[PDB]
Structures are given as structure tokens and as C-alpha cells.
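Enquirer: Attaching a single structure in C-alpha cells format; questions to follow.
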Amino acid sequence: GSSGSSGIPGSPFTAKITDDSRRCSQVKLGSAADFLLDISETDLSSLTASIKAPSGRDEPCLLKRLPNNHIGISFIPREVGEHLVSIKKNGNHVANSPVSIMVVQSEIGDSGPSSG
């Protein structure tokens, strides 16, 4: 979208969406995105946060406490595909771990509008 004088990005009249409602999740590559997962584990610190792209590229992940009695992880995915999140407790893998997440490029562009 277009931002400037403290103005939130909206949308024009005609539909120009660039992402189908496929049976997959969509995330913003190169930007810390939160993930809502149903886990029977409250303790945050007691848990561990680790991620490794499909190409073997480590990514900065950070676990935080979400509102409405929810909890999710927040990391900056660099590669798109099937990411595996290693979630354990004091060195003991937890349920639903490693957590699988699907990463896809929102818009076709290498770090925004910039020459090659």
C-alpha cells in the first residue's frame, strides 16, 4: 500500500488482489510475522523457540504471549516453503512440535522496488 502522513493503507474500488484463497497459509517474507497455533502449553519461557528454513537457513524466532488466552511465535522468514519450528521444554520436545508452517511470498519483489 501507500503510506505517508500517518495514513493507514486501504484499497481502491476495483479488485487487484495478488493472492488466491488457496488451501495454504500466507506470510510476509522478510518481516516478523506472528503465528497462531493451538498448543496445550502456557509457560512461554519454559518452552524453546527455534526455526530452520527448508534450505537450512536459520531464522530469528521469538515466542510471545498473545491475547484472548492465546500464544504464538514470531520470526522473520527469509525463504518460502515448508518451515519446521523446533518447540521443546527445557530440552524436551513438546506436543505438536516441531511446528510446521507454510511460508509464501506476498508480492514479487527482491527487497522492494530496486534494480538487480
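In the C-alpha cells, chains take the letters A, B, ... in the order shown, each chain's residues start at 1, and ligands count up from 1 in the order shown.
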For residue 72 of chain A, please output as an MDAnalysis selection string all residues within 9 Å (counting only C-alpha atoms; exclusion window: fewer than 4 positions along the same chain).

Expert: chainID A and resid 34:39 62:66

Enquirer: Store the residues picked out above in a file with N, CA and C atoms, as a CSV table (one decimal), in the first residue's frame.

Expert:
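Below you can see selection-v8.csv, which holds the result:
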chain,number,residue,atom,x,y,z
A,34,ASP,N,3.6,-13.1,13.1
A,34,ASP,CA,3.1,-13.9,14.2
A,34,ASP,C,2.3,-15.1,13.7
A,35,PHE,N,2.3,-16.2,14.4
A,35,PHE,CA,1.6,-17.4,14.1
A,35,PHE,C,0.8,-18.0,15.2
A,36,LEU,N,-0.5,-18.1,15.0
A,36,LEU,CA,-1.4,-18.6,16.0
A,36,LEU,C,-1.6,-20.1,15.9
A,37,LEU,N,-1.0,-20.8,16.9
A,37,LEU,CA,-1.1,-22.3,16.9
A,37,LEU,C,-1.7,-22.8,18.2
A,38,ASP,N,-2.6,-23.8,18.1
A,38,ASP,CA,-3.3,-24.4,19.2
A,38,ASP,C,-2.4,-25.4,20.0
A,39,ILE,N,-1.7,-24.9,21.0
A,39,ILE,CA,-0.9,-25.8,21.8
A,39,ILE,C,-1.3,-25.8,23.3
A,62,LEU,N,10.9,-15.6,17.8
A,62,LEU,CA,10.7,-15.1,19.2
A,62,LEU,C,9.3,-15.5,19.6
A,63,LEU,N,9.2,-16.2,20.8
A,63,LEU,CA,7.9,-16.6,21.3
A,63,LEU,C,7.3,-15.5,22.2
A,64,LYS,N,6.1,-15.2,22.1
A,64,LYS,CA,5.4,-14.2,22.9
A,64,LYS,C,4.0,-14.6,23.3
A,65,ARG,N,3.5,-14.0,24.3
A,65,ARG,CA,2.1,-14.3,24.8
A,65,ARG,C,1.1,-13.5,24.1
A,66,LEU,N,0.2,-14.2,23.4
A,66,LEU,CA,-0.9,-13.5,22.7
A,66,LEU,C,-2.1,-13.3,23.5

Enquirer: Between A:99, A:71, A:29, A:76, which residue has the minimum interatomic distance to residue 45 of chain A, considering only C-alpha atoms?

Expert: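 Smallest separation from residue 45 of chain A among the options: A:71.
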
Enquirer: From the list A:15, A:61, A:51, A:108, which residue is nearest residue 85 of chain A when using only C-alpha atoms?

Expert: A:51

Enquirer: Choose the residue, out of A:22, A:17, A:28, A:6, that has the smallest atom-to-atom separation from residue 75 of chain A; count only C-alpha atoms.

Expert: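 Among the listed residues, A:28 lies closest to residue 75 of chain A.
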
Enquirer: Compare A:43, A:110, A:58, A:19 by their minimum atom-to-atom distance to residue 90 of chain A, counting only C-alpha atoms, and give me the closest one.

Expert: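 Under the stated criterion, the closest residue is A:43.
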
Enquirer: Quick one: residues within 10 Å of residue 56 of chain A, only C-alpha atoms counted, chain neighbours fewer than 3 positions away excluded, as a compact mmCIF listing (two decimals) with N, CA, C and O atoms, in the first residue's frame?

Expert:
# COMPACT_ATOMS: atom_id res chain seq x y z
N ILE A 51 13.84 -22.21 14.65
CA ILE A 51 13.34 -22.42 13.29
C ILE A 51 14.49 -22.59 12.30
O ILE A 51 15.56 -22.02 12.48
N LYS A 52 14.24 -23.37 11.25
CA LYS A 52 15.25 -23.61 10.23
C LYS A 52 14.61 -23.74 8.85
O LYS A 52 13.98 -24.75 8.55
N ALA A 53 14.77 -22.71 8.03
CA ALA A 53 14.21 -22.72 6.68
C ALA A 53 14.43 -24.06 6.00
O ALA A 53 15.18 -24.91 6.48
N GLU A 59 16.56 -18.92 11.17
CA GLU A 59 15.79 -17.69 11.19
C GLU A 59 15.51 -17.24 12.62
O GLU A 59 15.30 -18.05 13.53
N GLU A 79 13.17 -17.55 3.56
CA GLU A 79 12.84 -18.44 2.45
C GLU A 79 11.38 -18.86 2.51
O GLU A 79 10.76 -18.87 3.57
N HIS A 83 8.53 -24.65 6.53
CA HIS A 83 9.45 -24.38 7.63
C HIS A 83 9.12 -25.26 8.84
O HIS A 83 7.96 -25.57 9.10

Enquirer: In Å, how far is it from atom CA of residue 30 of chain A to atom CA of residue 111 of chain A?

Expert: 7.9 Å

Enquirer: What are the DSSP strand (DSSP E) residues of chain A, as a ChimeraX atom specification?

Expert: /A:33-36,50-52,61-66,70-75,81-86,99-103

Enquirer: Produce a file of the selected residues containing C-alpha atoms, as a tab-separated table (two decimals), in the first residue's frame.

Expert:
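Result file part-v4.tsv:
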chain	number	residue	atom	x	y	z
A	33	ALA	CA	5.05	-12.45	11.30
A	34	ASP	CA	3.08	-13.92	14.20
A	35	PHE	CA	1.62	-17.43	14.06
A	36	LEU	CA	-1.43	-18.62	16.00
A	50	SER	CA	13.87	-22.46	17.06
A	51	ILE	CA	13.34	-22.42	13.29
A	52	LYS	CA	15.25	-23.61	10.23
A	61	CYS	CA	12.26	-16.64	16.08
A	62	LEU	CA	10.68	-15.11	19.18
A	63	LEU	CA	7.88	-16.57	21.31
A	64	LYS	CA	5.40	-14.16	22.90
A	65	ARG	CA	2.13	-14.31	24.83
A	66	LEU	CA	-0.89	-13.48	22.67
A	70	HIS	CA	-3.56	-17.43	23.05
A	71	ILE	CA	0.14	-17.88	22.31
A	72	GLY	CA	2.13	-17.79	19.09
A	73	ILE	CA	5.66	-17.47	17.71
A	74	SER	CA	7.14	-14.53	15.80
A	75	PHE	CA	10.08	-14.96	13.41
A	81	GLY	CA	8.16	-23.20	1.63
A	82	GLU	CA	7.80	-25.70	4.47
A	83	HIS	CA	9.45	-24.38	7.63
A	84	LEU	CA	9.99	-26.52	10.73
A	85	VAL	CA	9.77	-24.90	14.16
A	86	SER	CA	11.52	-26.77	16.97
A	99	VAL	CA	5.51	-26.93	14.46
A	100	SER	CA	5.09	-26.90	10.68
A	101	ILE	CA	4.49	-23.57	8.94
A	102	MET	CA	3.98	-22.57	5.30
A	103	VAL	CA	5.83	-19.51	4.03

Enquirer: Please, what distance in Å, to one decimal, runs between atom CA of residue 27 of chain A and atom CA of residue 98 of chain A?

Expert: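 Pair atom CA of residue 27 of chain A / atom CA of residue 98 of chain A returns 18.4 Å.
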
Enquirer: May I have the residues within 9 Å of residue 91 of chain A as a PyMOL selection string, using only C-alpha atoms and disregarding those fewer than 2 positions away in the same chain?

Expert: chain A and resi 47-48+88-89+93

Enquirer: Restricted to N, CA and C atoms, what would the selected residues look like written as an mmCIF file, in the first residue's frame?

Expert:
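What ended up in again-v7.cif:
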data_model
loop_
_atom_site.group_PDB
_atom_site.id
_atom_site.type_symbol
_atom_site.label_atom_id
_atom_site.label_comp_id
_atom_site.auth_asym_id
_atom_site.auth_seq_id
_atom_site.Cartn_x
_atom_site.Cartn_y
_atom_site.Cartn_z
ATOM 1 N N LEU A 47 9.413 -22.960 27.512
ATOM 2 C CA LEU A 47 9.464 -23.523 26.169
ATOM 3 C C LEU A 47 10.616 -22.922 25.368
ATOM 4 N N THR A 48 10.986 -23.589 24.279
ATOM 5 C CA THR A 48 12.072 -23.121 23.429
ATOM 6 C C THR A 48 11.555 -22.697 22.059
ATOM 7 N N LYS A 88 10.474 -27.070 22.205
ATOM 8 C CA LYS A 88 10.690 -28.016 23.293
ATOM 9 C C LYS A 88 10.598 -27.320 24.646
ATOM 10 N N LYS A 89 10.597 -28.110 25.714
ATOM 11 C CA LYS A 89 10.516 -27.570 27.067
ATOM 12 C C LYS A 89 11.685 -28.054 27.917
ATOM 13 N N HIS A 93 11.251 -31.890 23.623
ATOM 14 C CA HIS A 93 10.256 -31.571 22.605
ATOM 15 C C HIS A 93 8.848 -31.612 23.188
#

Enquirer: Compare A:2, A:11, A:104, A:68 by their minimum atom-to-atom distance to residue 24 of chain A, counting only C-alpha atoms, and give me the closest one.

Expert: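 Closest to residue 24 of chain A of all the choices is A:104.
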
Enquirer: Expressed in Å to a single decimal, how great is the separation between atom CA of residue 8 of chain A and atom CA of residue 107 of chain A?

Expert: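 About the pair atom CA of residue 8 of chain A and atom CA of residue 107 of chain A: they are 18.7 Å apart.
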